[PDB]
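To start, the structure under review is shown below, and the notes come after it.
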Amino acid sequence: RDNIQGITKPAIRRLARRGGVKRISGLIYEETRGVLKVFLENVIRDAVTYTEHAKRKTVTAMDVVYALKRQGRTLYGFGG
Amino acid sequence: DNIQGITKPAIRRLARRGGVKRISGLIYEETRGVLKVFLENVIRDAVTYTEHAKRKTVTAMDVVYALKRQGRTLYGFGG
Amino acid sequence: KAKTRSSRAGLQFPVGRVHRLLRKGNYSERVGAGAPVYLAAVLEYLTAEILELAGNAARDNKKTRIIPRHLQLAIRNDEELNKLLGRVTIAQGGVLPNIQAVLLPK
Amino acid sequence: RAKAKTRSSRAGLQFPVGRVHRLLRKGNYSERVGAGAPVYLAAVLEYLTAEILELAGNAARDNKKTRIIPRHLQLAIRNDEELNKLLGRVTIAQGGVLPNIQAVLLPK
Amino acid sequence: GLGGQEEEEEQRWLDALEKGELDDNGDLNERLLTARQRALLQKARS
Amino acid sequence: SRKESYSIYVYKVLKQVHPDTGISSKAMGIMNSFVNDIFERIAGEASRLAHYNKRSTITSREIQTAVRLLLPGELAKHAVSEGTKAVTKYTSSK
Amino acid sequence: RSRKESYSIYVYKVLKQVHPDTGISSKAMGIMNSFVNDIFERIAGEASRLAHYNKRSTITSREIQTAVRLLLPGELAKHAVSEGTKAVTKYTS
Amino acid sequence: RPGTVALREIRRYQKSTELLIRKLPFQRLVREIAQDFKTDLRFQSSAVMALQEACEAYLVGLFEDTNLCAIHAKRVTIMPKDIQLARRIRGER
Amino acid sequence: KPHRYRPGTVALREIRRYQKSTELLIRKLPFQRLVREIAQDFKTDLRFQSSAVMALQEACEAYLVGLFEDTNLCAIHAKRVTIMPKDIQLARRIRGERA
DNA sequence: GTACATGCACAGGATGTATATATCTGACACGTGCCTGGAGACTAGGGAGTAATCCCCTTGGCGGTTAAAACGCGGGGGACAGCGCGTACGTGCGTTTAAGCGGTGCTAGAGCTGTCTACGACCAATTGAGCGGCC
DNA sequence: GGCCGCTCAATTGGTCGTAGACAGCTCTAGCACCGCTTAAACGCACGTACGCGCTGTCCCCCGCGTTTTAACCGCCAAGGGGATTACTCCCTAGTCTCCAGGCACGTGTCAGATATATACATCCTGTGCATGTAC
């Protein structure tokens with residue numbers, strides 16, 4: 001249900017602070033949750049179709065990594 | 001020097017197609033660097049496919065494959 | 001007597017040519033008898049849809065000869081084609097007519 | 001008649017020429033792989049592996065740790081103007097980010 | 001020649017620009033939609 | 001030699017979609033390059049999908065997943081609908 | 001039973017050849033195993049296209065030389081070409 | 001003092017490297033977003049970690065480019081109107 | 001018809017005219033002559049197919065349009081209607097195209 | 001008002017096809033044991049909330065100079081023939097890699113011993129502020 | 001009020017145990033890799049012909065140098081909205097745990113789907129010609 005709101009204001013605040021911004025206008029928080037939900041929506045929609053193709057109930061770390069290669073946003077270390 | 005042949009009017013038009021209402025005078029020069037460094041990518045890749053084929057002549061395929069490798073695919077020429 | 005895979009499946013797209021292209025492209029050492037039928041149908045559907053939109057854009061601009069501009073209007077209006085074709089470029093297609101707001105006078 | 005020597009040792013490489021030939025031939029990159037191909041490719045993988053590890057080693061040693069951790073790899077890619085083009089869209093697990101402040105934020 | 005009709009299209013679109021009565025792109029029929037586009041318009045109506 | 005290409009099928013689809021309508025040789029260049037690009041994209045992804053499962057065969061299932069990965073949105077559903085209709089005709093025709 | 005078939009021993013040998021005192025955490029080993037395997041897929045992937053775009057069957061040293069010359073950026077291309085030419089030179093004697 | 005503890009905080013998270021999002025919120029969020037692609041899926045624990053690293057890296061990369069947008073508009077304060085620019089000219093939407 | 005005109009109006013008329021039509025904006029021979037300078041620095045005496053040098057032009061103009069169209073958006077966002085080099089450098093960095 | 005570009009008619013070679021042949025891949029049903037989903041108990045680190053206040057962004061106002069738009073001038077881009085250097089083919093050829101079947105090297109798993117850092121806790125010294133003695 | 005000598009309540013110090021996590025073995029065993037076959041087809045060398053691309057001579061509309069001028073940028077000044085920061089109080093995230101169940105993996109076995117050898121025929125690509133569309 002509510003879980004998009006479960007990404008805490010401080011979490012997005014830290015996550016932006018690593019990216020090196022100094023001040024956050026408070027409308028960033030509710031909007032950022034939308035962007036992150038769109039990025040997971042794309043990655044999961046891809047990774048679930050790899051998983052369904054393999055006739056398999058479990059999403060493995062390889063299936064999400066392959067989805068990330070498929071999107072041209074590659075990730076190392078999680079196998080492959 | 002043939003890069004100064006990319007005329008100030010040509011960059012006006014080529015930006016006006018992109019919908020900019022007003023130019024600033026520094027753009028007309030600085031844009032030539034951007035065009036030159038874009039060409040200096042696709043030519044070196046296209047020439048690399050050409051030399052690999054042992055051709056002397058750069059074909060339409062030699063540049064279209066460079067553009068496909070650059071991730072900016074061009075249709076209509078060749079395939 | 002023979003019947004082509006294309007006309008048997010009911011596609012206009014060339015199932016035999018797709019079969020050879022999958023077999024000879026080294027996408028695998030083995031190609032399933034269904035795979036080129038299925039792929040020909042998807043190439044056909046995409047070609048039918050991109051042409052239907054282009055032909056509509058051509059007739060809506062009162063021309064009967066489709067030219068690259070009409071494909072560029074079709075591709076850039078419908079956002080699922082615009083996502084599929086994404087970053088590709090059409091020779092002499094130009095750009096979708098779009099004066100940005102705020103520049104637009106008051 | 002018998003007693004082998006590995007194709008890596010004949011090439012003068014630490015990288016596995018056999019493994020690379022087996023992967024090129026089974027990967028369907030072509031129906032045929034010429035005998036010079038896996039040798040040359042093994043050398044290229046070794047060179048890039050040497051470069052990225054040497055810079056990781058220096059990054060770790062300058063951070064006063066004797067061991068590579070993903071942080072010391074990420075700090076070796078981003079501090080090189082060449083490898084940062086080669087890896088321009090890779091994410092390193094647990095790598096963090098290159099330390100940098102935009103000068104307009106910097107105080108007074 | 002008949003190019004006065006395309007010159008009139010320019011005059012109409014400039015008259016609308018001097019009036020300011022235009023879309024956000026500045027530019028000026030369900031029967032013609034594909035089955036996919038009908039499904040997307042149905043998905044927009046829901 | 002022979003310039004092997006899709007041009008007559010593309011034109012034959014156009015005359016099925018809009019019987020009155022005609023098409024320039026530049027647009028035929030585009031349609032060839034577009035079909036060849038989509039084809040190399042889908043077969044490319046199908047080959048990776050076979051490797052990820054350690055299969056040899058490009059079966060029709062491999063194309064179905066490569067299609068619903070590469071095509072966006074509801075266009076993916078309509079393409080898969082056309083493919084499953086087509087294979088249904090073919091396997092029903094023997 | 002299946003086998004992981006990693007590059008771990010080889011990248012470990014290469015580190016030990018350039019920083020003889022230094023270690024690899026298993027996490028950094030994972031990153032390096034991905035990097036090696038990803039550059040292999042990129043180079044071999046481009047070598048396949050360099051065959052088809054010339055209608056050759058094989059990939060050979062000059063296809064991979066061209067794949068390197070395209071795929072790598074500046075100095076890394078001329079260094080990698082120097083390494084590949086050294087290796088095949090030694091292998092052919 | 002204000003903004004100085006923020007600027008000292010940037011140095012703290014750029015020297016640090018661990019995950020910035022709480023595991024269980026992210027774990028639930030991945031399952032939540034999966035539900036209407038498929039019911040009843042099982043997630044391998046390492047896959048959710050990989051997805052989390054991809055997201056935190058993507059968001060850091062977006063905020064890094066969003067900072068450029070706000071600073072280009074002469075603001076040290078980022079706003080939704082900056083995110084809409086960065087995600088547009090990325091080509092993402 | 002008029003004299004002196006109202007500035008900005010002929011710019012908007014130009015936008016409509018150069019978006020409605022698909023001709024190459026760069027004159028062909030200057031570009032045909034430019035490409036050979038970029039060639040001499042990496043292979044001497046190259047020969048270009050009549051299509052290829054024009055396919056490079058179609059890619060260049062599609063790239064430059066596809067940069068000014070984002071640059072414009074940075075200027076509008078930056079409370080301006082005029083593009084400047086400080087916009088172009090930014091659009092590049094946000095795209096990941098250099099720096 | 002015109003004719004170049006598409007669109008149709010025809011030959012013919014190549015490739016798509018039907019059929020028979022042989023087989024190995026993928027599908028199926030079996031078990032092993034891995035490991036993920038649920039649900040619980042507890043601590044306490046991070047989160048939500050608030051009040052206080054600083055300073056940032058937004059706005060409105062101004063002057064300066066910069067780009068636009070108009071203008072006349074003239075140069076060079078756009079469009080037609082001649083040579084020869086390539087690019088595509090055809091052939092003949094031999095070197096190269098495949099396939100196949102062995103023997104050994106080596107690589108992965110598992111397990112072990114081993115440090116060895118690095119982090120708490122205890123054991124055993126000491127140092128000092130807490131105070132009375134003294135006049 | 002001011003000095004100093006015992007008390008006992010005070011930090012700071014050094015050696016032990018352990019656990020994470022490589023590190024280096026150290027097997028040891030099973031499986032890929034290498035070698036040495038015989039075979040056959042790719043790519044190579046090398047002519048030959050033809051497109052095709054340089055390098056060539058004519059020419060108008062576009063490029064561009066100069067001019068005013070007006071609208072936009074950049075600068076500044078003022079001010080109230082809003083993000084920071086500083087606590088405070090609570091809760092749900094982290095954890096480790098156990099069940100206990102689901103299912104990913106593996107292996108034995110099969111058959112059906114697919115490679116491939118080859119003989120026909122029908123499809124579609126090169127040419128040529130007819131005629132209407134865009135300009």
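We label chains A, B, ... in the order they appear in the structure tokens, count residues from 1 in each chain, and number ligands from 1 in the order shown.
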Give me, as a Markdown table, the closest atom pair and its distance (Å, one decimal) for every residue of chain H within a cut-off of 8 Å of chain A, counting only C-alpha atoms, rows sorted by chain and rising number.
```
| residue | atom | partner | partner_atom | distance |
| --- | --- | --- | --- | --- |
| H:3 | CA | A:22 | CA | 7.0 |
| H:6 | CA | A:22 | CA | 6.4 |
| H:7 | CA | A:22 | CA | 6.4 |
| H:9 | CA | A:17 | CA | 7.2 |
| H:10 | CA | A:17 | CA | 5.2 |
| H:13 | CA | A:18 | CA | 5.2 |
| H:14 | CA | A:18 | CA | 5.4 |
| H:20 | CA | A:11 | CA | 6.1 |
| H:21 | CA | A:11 | CA | 5.5 |
| H:22 | CA | A:11 | CA | 7.6 |
| H:25 | CA | A:6 | CA | 5.5 |
| H:26 | CA | A:7 | CA | 7.2 |
| H:28 | CA | A:3 | CA | 6.4 |
| H:29 | CA | A:3 | CA | 5.4 |
| H:30 | CA | A:40 | CA | 7.2 |
| H:32 | CA | A:1 | CA | 7.0 |
| H:33 | CA | A:41 | CA | 6.2 |
| H:34 | CA | A:44 | CA | 6.3 |
| H:37 | CA | A:45 | CA | 6.4 |
| H:38 | CA | A:48 | CA | 7.5 |
| H:40 | CA | A:57 | CA | 7.9 |
| H:41 | CA | A:57 | CA | 5.7 |
| H:42 | CA | A:58 | CA | 4.5 |
| H:43 | CA | A:59 | CA | 5.0 |
| H:44 | CA | A:60 | CA | 5.2 |
| H:46 | CA | A:61 | CA | 5.6 |
| H:47 | CA | A:61 | CA | 3.7 |
| H:48 | CA | A:61 | CA | 7.5 |
| H:50 | CA | A:78 | CA | 6.1 |
| H:51 | CA | A:64 | CA | 6.6 |
| H:54 | CA | A:75 | CA | 6.8 |
| H:55 | CA | A:36 | CA | 7.1 |
| H:56 | CA | A:15 | CA | 7.1 |
| H:59 | CA | A:15 | CA | 7.1 |
| H:60 | CA | A:19 | CA | 4.8 |
| H:61 | CA | A:19 | CA | 6.8 |
| H:62 | CA | A:19 | CA | 7.9 |
| H:63 | CA | A:19 | CA | 5.3 |
| H:64 | CA | A:19 | CA | 4.7 |
| H:67 | CA | A:21 | CA | 5.5 |
| H:76 | CA | A:22 | CA | 6.2 |
| H:77 | CA | A:23 | CA | 4.4 |
| H:78 | CA | A:24 | CA | 5.3 |
| H:79 | CA | A:25 | CA | 5.4 |
| H:80 | CA | A:28 | CA | 5.4 |
```
Checklist entry - Which of chain D counts as alpha helix (DSSP H) under DSSP, as an NGL selection string please? => result :D and (7-11 or 17-26 or 36-62 or 70-78 or 83-86)
Next on the checklist: Taking only chain D into account, list the residues labelled strand (DSSP E) by DSSP (computed from the backbone), as a ChimeraX atom specification.
Outcome noted: /D:67-68,90-92
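Interface residues of chain J facing chain C, defined by any atom at most 9 Å away and using only C-alpha atoms (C1' of nucleotides), are residues 16, 17 and 18 of chain J.
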Contact table chain I vs chain J, cut-off 9 Å, shortest pair per residue, only C-alpha atoms (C1' of nucleotides), as JSON lines:
```
{"residue": "I:3", "atom": "CA", "partner": "J:70", "partner_atom": "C1'", "distance": 8.8}
{"residue": "I:4", "atom": "CA", "partner": "J:69", "partner_atom": "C1'", "distance": 6.7}
{"residue": "I:5", "atom": "CA", "partner": "J:69", "partner_atom": "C1'", "distance": 7.2}
{"residue": "I:6", "atom": "CA", "partner": "J:69", "partner_atom": "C1'", "distance": 8.5}
{"residue": "I:7", "atom": "CA", "partner": "J:68", "partner_atom": "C1'", "distance": 6.0}
{"residue": "I:8", "atom": "CA", "partner": "J:68", "partner_atom": "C1'", "distance": 7.5}
{"residue": "I:10", "atom": "CA", "partner": "J:69", "partner_atom": "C1'", "distance": 8.1}
{"residue": "I:11", "atom": "CA", "partner": "J:68", "partner_atom": "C1'", "distance": 8.7}
{"residue": "I:27", "atom": "CA", "partner": "J:77", "partner_atom": "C1'", "distance": 7.2}
{"residue": "I:28", "atom": "CA", "partner": "J:77", "partner_atom": "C1'", "distance": 7.7}
{"residue": "I:29", "atom": "CA", "partner": "J:77", "partner_atom": "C1'", "distance": 6.4}
{"residue": "I:30", "atom": "CA", "partner": "J:77", "partner_atom": "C1'", "distance": 8.1}
```
Would you write out, as CSV, a table of all residues in chain G that have an atom no more than 12 Å from an atom of chain F, listing for each the closest atom pair and the distance in Å to one decimal, considering only C-alpha atoms and ordering rows by chain and rising residue number?
```
residue,atom,partner,partner_atom,distance
G:2,CA,F:54,CA,11.8
G:41,CA,F:48,CA,10.8
G:45,CA,F:44,CA,10.3
G:48,CA,F:44,CA,11.5
G:49,CA,F:40,CA,10.8
G:52,CA,F:40,CA,11.7
```
Item to check | Distance filter 7 Å, only C-alpha atoms, chain C against chain D, as number ranges by chain | outcome: C: 26-28
Can I get the residues of chain D within 7 Å of chain G, each with the closest pair of atoms and their distance in Å to one decimal, using only C-alpha atoms, sorted chain first then ascending number, as a tab-separated table?
```
residue	atom	partner	partner_atom	distance
D:10	CA	G:91	CA	5.6
D:11	CA	G:91	CA	4.5
D:12	CA	G:87	CA	6.6
D:14	CA	G:10	CA	6.3
D:15	CA	G:10	CA	5.7
D:29	CA	G:48	CA	4.9
D:30	CA	G:48	CA	6.1
D:31	CA	G:57	CA	6.6
D:32	CA	G:58	CA	4.6
D:33	CA	G:59	CA	5.2
D:34	CA	G:60	CA	4.6
D:36	CA	G:61	CA	5.2
D:37	CA	G:61	CA	4.5
D:39	CA	G:88	CA	6.2
D:40	CA	G:84	CA	4.4
D:41	CA	G:64	CA	6.8
D:43	CA	G:84	CA	5.3
D:44	CA	G:80	CA	5.3
D:45	CA	G:36	CA	6.4
D:47	CA	G:80	CA	6.3
D:49	CA	G:11	CA	6.9
D:50	CA	G:14	CA	6.2
D:53	CA	G:15	CA	6.2
D:54	CA	G:18	CA	6.4
D:57	CA	G:19	CA	6.6
D:66	CA	G:22	CA	5.3
D:67	CA	G:23	CA	4.4
D:68	CA	G:24	CA	4.9
D:69	CA	G:28	CA	5.1
D:70	CA	G:28	CA	5.0
D:82	CA	G:73	CA	6.2
D:85	CA	G:73	CA	6.5
D:86	CA	G:72	CA	6.1
D:92	CA	G:31	CA	6.9
```
Checklist entry - Would you list which chain E residues are within 12 Å of chain K using only C-alpha atoms (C1' of nucleotides), as number ranges by chain? => result E: 1-3
Write to file, as a tab-separated table (two decimals), in the first residue's frame, the residues of the selection just made, with C-alpha atoms.
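Just written: out-v1.tsv:
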```tsv
chain	number	residue	atom	x	y	z
E	1	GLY	CA	-0.54	30.24	-58.63
E	2	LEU	CA	-2.57	28.54	-55.84
E	3	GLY	CA	0.27	29.17	-53.26
```
Next on the checklist: Give me the residues near range 87-98 of chain C as a VMD selection string, where near means some atom within 8 Å (using only C-alpha atoms (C1' of nucleotides)) and where sequence neighbours in that chain fewer than 2 positions away do not count.
Outcome noted: (chain B and resid 17 to 19 71 to 77) or (chain C and resid 68 to 73 76 to 77 85 100) or (chain E and resid 25 to 27) or (chain F and resid 30) or (chain I and resid 16 19 to 24 55 58 to 59 62)
